[PDB]
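Engineer: Here's a sequence, model it:
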Amino acid sequence: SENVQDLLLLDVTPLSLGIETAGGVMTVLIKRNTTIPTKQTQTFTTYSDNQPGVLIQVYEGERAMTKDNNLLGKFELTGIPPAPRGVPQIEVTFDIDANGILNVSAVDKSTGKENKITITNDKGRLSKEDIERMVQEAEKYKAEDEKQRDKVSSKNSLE
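Structural biologist: Numbers count the residues shown, from 1 in each chain. See the structure here:
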């Protein structure tokens, strides 16, 4: 909670919470000491021609990977709009609640179609020791890997 001015109410979660996608790797739209609650909409696309169905897996932590931070919450979203290879698409929408609880929603938004998981953050209390080692490299070095493992299997896909 980095207070540059006096009356700043900074309810922040210690890590940048993202996802293990396609062949299991990281995408973070969030940040370290993130002022949660937050609804961050990262739009992914597809690898097959006309309608895939995608595997979404949350890993709270790491950079461009399946390294070693908090594995919690994985779901399959399916019912995609049928355009040609790389144009069918899905919004992996991260709706975090104020006690660090991640409501992860994959939306086929041109189709008006979402499925969501509410991940309760108790099986893992990393705190000062794991956050100071991983996310002083990870969130910096992720959007700096250049949407790291965002450019992957197709373009921005999780298949």
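Engineer: Report the central residue of this protein.
Structural biologist: residue 18 (2.8 Å; C-alpha atoms, centre = their mean).
Engineer: That one in helix, strand or coil?
Structural biologist: strand (DSSP: H, G, I helix; E, B strand; the rest coil).
Engineer: For it, which non-adjacent residue is closest in space?
Structural biologist: Take residue 18 and drop its neighbours on the chain: the residue closest to it by C-beta to C-beta, 6 or more residues apart in numbering is residue 28, 3.5 Å away. C-beta here means a position set from N, CA and C on the backbone, and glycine is covered the same way.
Engineer: Would you quantify the distance from the one you found to residue 112?
Structural biologist: Between residue 28 and residue 112 the computed distance is 26 Å (C-beta to C-beta, to the nearest Å).
Engineer: what about these two, which has more around it?
Structural biologist: Neighbours per residue (other C-beta atoms under 10 Å) separate residue 28 from residue 112, with residue 28 holding more: 29 against 7.
Engineer: re the thing from before, and the residue nearest to the centre of the chain, how far from residue 104?
Structural biologist: 10 Å.
Engineer: so what's in contact with those two at the same time?
Structural biologist: Counting by C-beta atoms under 8 Å, 6 or more residues apart in numbering, the residues touching both residue 18 and residue 104 are residue 58.
Engineer: need the contact list for the residue nearest to the centre of the chain.
Structural biologist: Residue 18 neighbours (C-beta under 8 Å, 6+ apart): 26-30, 58-61, 142.
Engineer: Flag every buried residue along the biggest helix by length in the chain.
Structural biologist: Assignment by DSSP state H gives helix 127-134 as the longest helix of the chain. Within helix 127-134, the residues that count as buried by 16 or more other C-beta atoms under 10 Å are 130-131, 134.
Engineer: Which element, helix or strand, includes residue 74?
Structural biologist: According to DSSP states H and E, residue 74 maps onto strand 70-77.
Engineer: tell me the angle of that strand relative to helix 127-134?
Structural biologist: 70 degrees (axes from the mean of the first three to the mean of the last three C-alpha atoms, to 10 degrees).
Engineer: which residues are contacting the helix or strand following strand 70-77?
Structural biologist: Counting by DSSP H and E, the element after strand 70-77 in chain order, helix or strand, is strand 89-97. Here strand 89-97 makes contact (C-beta under 8 Å, 6+ apart) with 13, 17, 19, 21, 27, 29-30, 34, 36-46, 54, 56, 77, 80-81, 83, 102-110, 114, 116, 118, 158.
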